[PDB]
Amino acid sequence: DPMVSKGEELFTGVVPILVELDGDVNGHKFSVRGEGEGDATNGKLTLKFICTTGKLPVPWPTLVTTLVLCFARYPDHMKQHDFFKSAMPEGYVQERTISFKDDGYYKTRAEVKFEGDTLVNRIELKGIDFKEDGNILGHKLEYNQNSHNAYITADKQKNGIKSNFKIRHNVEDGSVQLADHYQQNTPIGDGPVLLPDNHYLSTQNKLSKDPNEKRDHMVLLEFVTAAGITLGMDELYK
């Protein structure tokens, strides 16, 4: 019963996901709604995102990180380091600044929590100080997303975690557009959470299109795995 289950127990199987993003950039108010499911046993996300307002005013890849780290696959010997599931069901706030080098920034604030059986990610995004003919507002980014590692550290005083990492967006002119992410997460509720030792999350990501979809949209297949703490295991094979 997802209404009474707690923490990692809510993630033993496939969980429906709903993503709602409200955004504002360069005079364009836009909304994205995503639906699909996640499975923390293999780290798999299958999600389809639709811009319900019309054309998306930024490239889809630039929104991937904003659009559910509770579905990361944490190895057994790292289960004590999984802050994201520990905060469930009441959830966590995830806040970022995403600075596009030589261009503008996104400010994002999201709440990730269970509503019934569904894991919901609701985001407010503002875009600030973009170039009208830069790589973002000019739609000059390739439709793909590289694999990344994002290092997670605890912030005990704030009862949460932080991460800073760089996303590399391929540009149509053969260059790379860097997106520097600073991130904070804090529990919504007062129940104790797991505060992790340093580690990282490893991603992978396939972007595609639904050949029957007329709206501006993104189909995403994404796998997320926690890693980096292995010494105790490695010692077993010496």
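Throughout, read-outs are computed from the coordinates displayed, never taken from laboratory work. Note that each Cβ is placed from the backbone with ideal geometry, even for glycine, and that neighbours are counted across all protein chains shown.
If Rh is defined by the Kirkwood formula over all Cα pairs and Rg also comes from Cα, what ratio Rg/Rh do you get for segment 1-115? Each step should come with its number before you reach the end.
Working: Rg = 15.7 Å, Rh = 15.6 Å.
A ratio of 1.00.
Would you mind checking which residues have amide H under 5 Å from residue 152's amide H? H placed 1.01 Å from N; only 5 or more apart, or other chain.
Amide H neighbours of residue 152, under 5 Å, 5+ apart: 199, 200, 201.
Apply the Karplus parameterisation 6.51 cos²θ - 1.76 cosθ + 1.60, with θ equal to phi minus 60°, to every residue of segment 146-153 and state each ³J(HN,Hα) to the nearest whole Hz, in sequence, with x for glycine and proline.
6, 7, 9, 10, 10, 7, 10, 10
Let me see the pair-distance distribution of the chain: every alpha carbon pair, 5 Å bin width, integer percents in order.
Reading upward from the zero bin: 1, 6, 14, 18, 20, 17, 11, 7, 4, 1, 0, 0, 0.
What are the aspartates and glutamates whose alpha-carbon lies under 16 Å from the alpha-carbon of residue 107, with same-chain residues fewer than 8 places away excluded?
20, 22, 24, 95, 124, 129, 180
Given the peptides 204-215, 47-58, 83-94, arrange them by the average over their residues of other C-beta atoms within 10 Å, most packed first. Before the final figure, lay out each step's value.
Working: 204-215: 11.5, 47-58: 18.1, 83-94: 22.7.
My ranking of the peptides, most packed first, is 83-94, 47-58, 204-215.
What value in Å³ per residue do you get for the convex hull of the alpha-carbon atoms in segment 131-231?
Details: hull volume 17.6 nm³, N = 101.
Normalising the Cα hull of segment 131-231 by residue number yields 174 Å³.
Rounded to whole Hz and in sequence order, give me ³J(HN,Hα) for segment 51-66 from the Karplus expression 6.51 cos²θ - 1.76 cosθ + 1.60, θ = phi - 60°, writing x for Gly and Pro.
Taking θ as phi minus 60°, the curve returns 7, 8, 9, x, 6, 6, x, 9, x, 3, x, 5, 9, 4, 5, 6 Hz for segment 51-66.
Cross-link candidates for residue 6: which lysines have Cα within less than 30 Å, leaving aside residues fewer than 8 places away along the same chain?
44, 48, 79, 85, 113, 156, 158, 162
Helix-only mean residue ellipticity at 222 nm, the chain, DSSP H runs n ≥ 4 weighted -39,500 (n - 2.57), per residue, nearest 500. What is it?
On the way: 2 runs with 8 residues, N = 238.
It comes out at -500 deg cm²/dmol, rounded to the nearest 500.
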